[PDB]
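First comes the structure, then the notes that go with it.
These values consider heavy atoms only, across backbone and side chains, with no hydrogens, waters or symmetry-generated copies. Lettering follows sequence order; numbering is per chain, from 1.
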Number of protein chains: 2
Amino acid sequence: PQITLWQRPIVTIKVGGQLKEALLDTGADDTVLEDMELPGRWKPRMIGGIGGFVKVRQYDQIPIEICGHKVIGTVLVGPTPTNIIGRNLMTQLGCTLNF
Amino acid sequence: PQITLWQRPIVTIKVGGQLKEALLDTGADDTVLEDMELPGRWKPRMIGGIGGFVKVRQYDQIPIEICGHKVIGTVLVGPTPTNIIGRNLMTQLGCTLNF
Ligand SMILES: CC(C)CN(C[C@@H](O)[C@H](Cc1ccccc1)NC(=O)O[C@H]1CCOC1)S(=O)(=O)c1ccc(N)cc1
């Protein structure tokens, strides 16, 4: 699809069998989800956002279906205003910015 | 242009007489630039995300040239770690996300 930016580019994702809304966020290097249970071991990761650097949990090779497309990659979990799909997974979708 | 997302989507802008680089960010509702002088009246605002919150000054109707295209809109200024072009200016470019 082609998504304009007059509203937030919120899409529906499926992760761990649950549908959730998430924001397609080209200013986010990584994908960060609100607290949820994910499989496997995690490791610590420090990420930078608008208010500073914060430690989150990093899970690897997590499948997510975004608009019906299946991606698999690193997902971080920690405090966040919303579920954020960053460039690590948008590149798997083939997403580009166009003007 | 069509900009892929393997790297951060950084472009050159010109604002308030100053040339700088900024991030095209579909996850940012409004443009926020690192602290600088802008003309005119402003209003205090708080913006929040992964760092927590930062206080900014909101300037209205500020002209910015982005990749040579002249656009106009609200510009927030404050201690952001990076210059961010948000949706409020990306729409004026006719910028879409496509996959
Ligand atoms: C978190 C989203 C919902 C909101 N932010 C936009 C995001 O793109 C934000 C932009 C950014 C890049 C690098 C350093 C600092 C900030 N990237 C971000 O945090 O990347 C993290 C999350 C995982 O990957 C790394 S914002 O900066 O808080 C924001 C809020 C309001 C306005 N008007 C403008 C900006």
Side-chain angles (χ1 to χ4, degrees), chain A residues 1 3 5 7-97, chain B residues 3-10 21-30 32 34 46-56 76 78-87 90 97-99:
Chain A
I3 297 170
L5 296 175
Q7 287 308 332
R8 292 177 188 78
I10 299 308
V11 294
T12 290
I13 72 169
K14 187 157 68 173
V15 54
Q18 317 179 26
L19 294 184
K20 291 165 178 281
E21 304 253 64
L23 176 69
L24 293 177
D25 186 342
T26 55
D29 295 339
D30 309 309
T31 289
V32 184
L33 299 183
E34 303 169 5
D35 189 37
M36 63 170 298
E37 303 191 6
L38 290 172
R41 285 181 62 82
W42 64 274
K43 69 175 59 110
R45 186 181 191 128
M46 189 84 73
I47 57 174
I50 190 71
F53 279 88
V54 153
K55 297 189 313 169
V56 295
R57 298 189 172 190
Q58 172 183 329
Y59 291 90
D60 292 331
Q61 314 291 344
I62 298 297
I64 304 187
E65 194 183 22
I66 302 178
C67 300
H69 289 106
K70 290 176 196 184
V71 304
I72 310 175
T74 298
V75 167
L76 308 183
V77 178
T80 179
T82 191
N83 296 310
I84 291 161
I85 301 311
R87 300 187 292 102
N88 75 304
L89 303 185
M90 289 192 276
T91 56
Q92 300 195 19
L93 290 179
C95 279
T96 55
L97 285 163
Chain B
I3 299 173
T4 56
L5 293 174
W6 289 112
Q7 287 83 43
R8 293 175 170 159
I10 290 171
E21 295 306 288
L23 179 67
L24 299 174
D25 189 354
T26 60
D29 294 338
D30 284 302
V32 56
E34 302 179 12
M46 293 274 268
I47 59 171
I50 293 303
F53 284 77
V54 297
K55 189 162 284 217
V56 298
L76 308 180
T80 173
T82 185
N83 298 309
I84 288 163
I85 297 302
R87 295 190 296 100
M90 291 174 80
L97 272 170
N98 291 82
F99 60 102

query: Are there more than 12 heavy atoms of other residues, nucleotides or ligands under 6.0 Å from atom NZ of A/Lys20?
result: yes
Please name the pair of heavy atoms, one in [X] and one in [Y], separated by the smallest distance, quoted to 0.1 Å.
X	Y	value
B/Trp6	A/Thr91	N-CG2, 3.7 Å
A/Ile50	B/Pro81	O-CD, 3.6 Å
A/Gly73	A/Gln92	CA-NE2, 4.2 Å
A/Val56	A/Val77	CB-O, 3.4 Å

Close side-chain approach of B/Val54 and B/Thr80, heavy atoms under 4.5 Å: no
- prompt: Heavy atoms, side chains only, cut-off 4.5 Å: are A/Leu23 and A/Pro9 in contact?
  reply: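 A/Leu23 vs A/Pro9: side chains touch.
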Spacing of [atom1] belonging to [X] relative to [atom2] belonging to [Y], to within rounding of 0.5 Å:
X	Y	atom1	atom2	result
A/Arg87	B/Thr4	CZ	OG1	9.5 Å
A/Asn88	A/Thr31	CG	OG1	4.0 Å
A/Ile84	A/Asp30	CD1	CG	9.5 Å
A/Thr26	B/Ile85	OG1	CD1	11.0 Å
B/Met90	A/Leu97	CE	CG	4.5 Å
A/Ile72	A/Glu65	CD1	CD	11.5 Å

Only distances under 3.5 Å count here; give the side-chain donor-acceptor pairs of residues 32-42 of chain A to other protein atoms, sequence neighbours excluded, each with its distance to 0.1 Å.
from: A/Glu34; atom 1: OE2; to: A/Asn83; atom 2: N; distance (Å): 3.4

Contacts of type side-chain hydrogen bond (donor to acceptor under 3.5 Å, both in side chains), residue A/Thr12, not counting sequence neighbours: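 side-chain hydrogen bond (donor to acceptor under 3.5 Å, both in side chains) list for A/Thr12, sorted by chain: A/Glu21.
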task: Could you walk me through whether A/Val15 and A/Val75 pass the side chain to side chain contact (heavy atoms under 4.5 Å, CB included) test, one step at a time?
output: CA-CA 10 Å; A/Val15 54; A/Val75 167; 5.8 Å; no
message: side chain to side chain contact (heavy atoms under 4.5 Å, CB included) for B/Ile3 and A/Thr96? Distances and angles first, verdict last.
response: CA-CA 5 Å; B/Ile3 299 173; A/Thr96 55; 5.9 Å; no
- request: Please say which of A/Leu24, A/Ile64, A/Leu19 ends up in a side-chain contact (heavy atoms from CB on, under 4.5 Å) with A/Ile13.
  value: A/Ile64
